[PDB]
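One structure below.
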């Protein structure tokens, strides 16, 4: 019981207990159990994912046991899905594994509805046909799909979720919601209420800010100067030349503390989304909370989001800091209640129970009010569609003969070649020579079929033939790590997922995200 | 002069600087916009890792130029 | 050893290509040579370490050594996949080789239950490439100097065959980096030493007088209250892994917090603060180790062009990576071909050097020691120090130098500034 918390400590410090819960309740579906799939799954079993299921029809080959850390020589000839399941199973006894000795295609035929069991579906090393088909089925089924592929020194990764909202965005670095520019009553009263180093830097800036406001009525914009001059105003207040570290600290925070209140552009857009504007019994929890946030802004929020209620640390008297800290804490608590009301009303006008949304959810939302984020991925169909193909992005990126998107195009060509030739370029050594041409033909065919006026160095046509469609472990491993975390993001809904196709080049040790 | 600095998540914000400003200040601009303590900022322009005591001019920065915030990690 | 096994590798050693490193010669004999003769040393065995071992093993390496002074702990099991609960208590390097040598048929991993400082040049010269998955800055700095001291300059001209490629990986939460160092050519660990963020240090003034955060309460019960009242017997040190010690600190912290009525003291935070814990997960380590491994392969096979010394990665917001060629400081106290020729005072007293070395952000040495000529000035490293560990005559005795420093394990080398 408590033994788990010891085993998962290092990660609990990242997504906390609730994240861990989400994870231990999920069920993942890995399509092919190659190195890529095996590595991705490895990074999910270790963390303690609830349960997984491997769907592989293929038999473990010689080269399969050669690049997979979860298939031994002893399992060559057996089912690749079952073989891997056993070895992966060993990593964590708290994870329950399962397998299906059939192909994706087979399942998509005899039973499409099968994938509705899964929280997420990770597919690896699939051919165009199977992807487009699976992508389609799952898109309609509302199932998150992540297509992963290792080809030579290239890592491919495309995520497909119609809409993924996230509250606990977890931003590295944000501005403090101190709001000196638009103080609230309680805050103002606190400042009026006023061991020289024992005084919080905020109260310091507030005092001199008030003074400056009298002798001006000005807020102190004029970056380069006014702020710089505001500093000198603070300096002329240091105890006869005693020291004052916090004073000098306040002077440094002046670069921040001035304007720290304004609704984030990204949130404005959430507010303006049809999903937020037009609510219905259909509307999911996230959007109802977003509306409540918007309503708040309009009414008691008076133009801004609920007060965060958290302040940075600051050299100051033990009791003074704690008092200051409560002013925000208490205010925040209030704004939260206000937002809460708007929720209940909204729920009622929809017919849902006022308690359809926990207080926990409410409190968390209000803390992250300024960091909400929504991601929406284009369907795989829209990308492959002749009219919808986002050529603006492709052509634009291709302005660099070596932009990672070269690799994307090459992958499409390789796919064309495969659809065409029924096999991949240069798999056998002697085929290389010949295929280099046949491949460029497909490349050009592909580029024309979509009207993509782009120049692709012939070098890349060579390289991919050299690759012989190999699945190098170190490459598969890289992808395995990145993919797993995106999957964990989907499950926990705790961070921000990349938007659409991610491309990694082991050659240059570089990568980029494309589309959207 | 209008330069761009890419965050450690590749955000990329735009900043106004005159070739006379110190690297030190370029960081203040970044903080001012992103809330990233200058203490933990490490800027990189074409290989050189900008010393916050020199000037933007010192590193041949010009309008369109792009700076990158970077880091090195301890764990393993 | 069996049909098909190395197919995923052969293609890169048997075929030529557009991006192949110049010295590359496509060969059918290459693979076997790699397997039989290329000696690679992995430093560290816990996340990056485990991951590294697997990557190299499945890439065509057999002659692999691993150093690691640690013992398996329950809290390694969420990412260090070569250890099981049954192995808890055992030596990491041991279990790691044990596992790998079994999982990957003919691997020949040799474990070394030691700390990098136990060895000397003789030992490190043995390897063709060294990959790190260390967990401290000091260690990276130490091994960095060691690989540099192996350099051999034939009359100012560096002999290339004395260069031992050093690939370093780092991790911290969802962030990580990888770099490729060619001592005596590429920027060294020292050259980029300032890329490491500052460590959040609490001024004791607030720790002892004005606590505000739970961390302050805990830092107190650990830094002051424990010593001041030998909790588990006199002389007995605080063991951050001792559940009972943490329990005592957690307790005394709840009390201190309650005094200044600060909320937020949790058992988990107590461990974090006491152990200066870094959040970690399997995913990030997998990514960095994979990059580093790929780079080791390139270096050993010339199948491609080696990364240009630096890559940063971040998972929090989508997927971001910045790759860049870090400039090699020409005055690197470490990789500088010649002595560090720089005077920091006309000629007054001593302290005004010990501090320059200790605080200069580009040196950041720890309890250094200066040697003149052939006497020792200050040392810090017991009584031997004392005598001299407690000046203008000598602050004149050298006159215009080659004063000679050595920092406590910061470097294996003896840094010679003038």
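Chain C is numbered as in Swiss-Prot; the shown residues are, in order, 33-405, 410-426, 434-443, 445-462.
Recorded method for this deposit: X-ray crystallography, 3.0 Å.
Here the Cβ of each residue, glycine as well, is placed from N, Cα and C on the backbone.
Feature list (source: Swiss-Prot):
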type    : residues             : note
BINDING : C:100-124, C:148-171 : ATP binding site
REGION  : C:53-70              : region 'Interaction with UBE2M N-terminus'
REGION  : C:157-161            : region 'Interaction with UBE2M N-terminus'
REGION  : C:192-217            : region 'Interaction with UBE2M N-terminus'
REGION  : C:242-248            : region 'Interaction with NAE1'
REGION  : C:292-295            : region 'Interaction with NAE1'
REGION  : C:331-338            : region 'Interaction with UBE2M N-terminus'
REGION  : C:352-357            : region 'Interaction with NEDD8'
SITE    : C:211                : site 'Determines specificity for NEDD8'
What is the number of other Cβ atoms found within 10 Å of the Cβ of residue C:158 (ATP binding site)?
13
Within the same chain, where does the region 'Interaction with NAE1' (C:292-295) have neighbours whose Cβ lies under 8 angstroms from its own Cβ atoms, ignoring anything closer than 6 residues to its ends? I mean 6 or more beyond.
243-246, 248-249
Could you tell me which three-state DSSP class residue C:114 (ATP binding site) falls into?
coil
Just to confirm: which same-chain residues, 6+ apart in sequence, have a Cβ under 8 Å from the Cβ of residue C:165 (ATP binding site)?
C:74, C:75, C:76, C:77, C:78, C:79, C:80, C:81, C:83, C:84, C:201, C:317, C:321, C:324
I'd like to know which binding-site residues lie near chain B: of C:114, C:121, C:151, C:158, which have a CB under 8 A from one of its CB atoms?
none
DSSP-derived helix, strand and coil totals, residue by residue, for the region 'Interaction with NAE1' (C:242-248):
3 helix, 0 strand, 4 coil
The correct three-state DSSP answer for residue C:211 (site 'Determines specificity for NEDD8') is strand
What's the number of neighbouring CB atoms sitting within 10 A of the CB on residue C:100 (ATP binding site)?
26
When you measure from the Cβ of residue C:151 (ATP binding site), how many other Cβ atoms are you left with inside 10 Å?
17
Could you round the CA separation between residue C:107 (ATP binding site) and residue C:211 (site 'Determines specificity for NEDD8') to a whole angstrom and send it over?
27
Measure from each Cβ of the binding-site residues C:121, C:151, C:165 to the Cβ atoms of chain A, and list in sequence order the residues where some distance is under 8 Å, or 'none'.
none
Unmodelled segment of 4 residues: Cα separation of flanking residue C:405 and residue C:410 in Å
4
Roughly how many angstrom lie between the C-alpha atoms of residue C:211 (site 'Determines specificity for NEDD8') and residue C:100 (ATP binding site)?
21
